[PDB]
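First comes one chain, alone, set out as structure tokens in the form deposited in one PDB entry.
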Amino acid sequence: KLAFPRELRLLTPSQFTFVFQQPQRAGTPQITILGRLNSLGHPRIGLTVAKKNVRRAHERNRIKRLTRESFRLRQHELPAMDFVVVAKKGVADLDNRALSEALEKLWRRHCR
């Protein structure tokens, strides 16, 4: 299966703080990923995109929609991490293809 259940989301601020204490890190000039190993036996993810880097609400929502997808469509191929994903200033004009071509070569860095 390739569902994306509530159980797979970092729902609370403490869960963000934990991965920031000990992150393994990968990122481009525009987009970046942090993660720590976890005991739950499957991956998890949490999103934050700064209103400072990406203005107007139709944008940001696009970056959520596309990045939530590229996680669940790869769910079984990376270790049982807890992950955080954050947008730098330079993302807000990349087309849907231009995020998706990057997130693959970004996850190709996670040789752990």
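In this text, the rigid core denotes the largest set of C-alpha atoms whose superposition between the two forms falls within 1.5 Å. Just count from 1 along the sequence shown to find any residue number.
Form deposited in another entry: not shown, discussed below.
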Worksheet item: Rigid core fitted, then: does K89 show a CA shift of 2 angstroms or greater between this form and the one not shown?
Response: no
Worksheet item: Once everything's superposed on the core, is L66 shifted 2 Å or more at the Cα between this form and the one not shown?
Response: no
Item to complete: Align both forms on the core first, then report whether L47 has a C-alpha shift of 2 Å or more between this form and the one not shown.
Response: no
